[PDB]
């Protein structure tokens, strides 16, 4: 009876911007990954550290579901060791990522005539992210040496710029909804498996 709330994260309603990438832990639960193979509606489905055909019968100490919205070009950067605008200042995977990466198109739902501006991303950060770090600050990026003083000014940018999401866009600049499932291998009891 206790399915892992997967329609809660996948089917869902609102997703987060990638700078404020949303995360759900699911403890004490059996997980139906069967409804994720036989789907076909995923454009990319990558799995790092484990085959997903194996996934219905290992035991893990928790799984985290990370989820967000990015352009279709930026999905590649949702991978171990990818360089990039999303990987560095928005959402970094560890290089030793056990887990999987699931993404699909959402123009019929997220791309609005006139421009759905409502999703956005970090253009500018001082340091890169640590894996699974989350950055929320609206602190003005000091792009030059001339200081910023909290004002959007000379060499001083608001570090978050928008996605402008028209449904008329190219295959690159679409809106995509991504779900990252990570699997921690703790030296600890299993709370989530599936048989």
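Residue numbers count along the first chain shown, from 1.
Stretches compared: 75 to 83, 113 to 121. Higher mean C-alpha B-factor in the entry: 113 to 121. As recorded in the PDB entry, 29 to 37 is the stretch of 127 to 135 and 29 to 37 with the greater mean C-alpha temperature factor. As recorded in the PDB entry, 149 shows the highest C-alpha B-factor of the residues 43, 67, 149, 142. When all modelled residues of the chain are sorted by CA temperature factor, residue 16 is found within the lowest third.
When the CA B factors of the chain's modelled residues are split into thirds, the value for residue 168 lands in the middle one. In the deposited entry, the Cα temperature factor of residue 107 places it in the middle third of its chain's modelled residues. In this PDB entry, residue 60 carries a Cα temperature factor that places it within the highest third of its chain's modelled residues.
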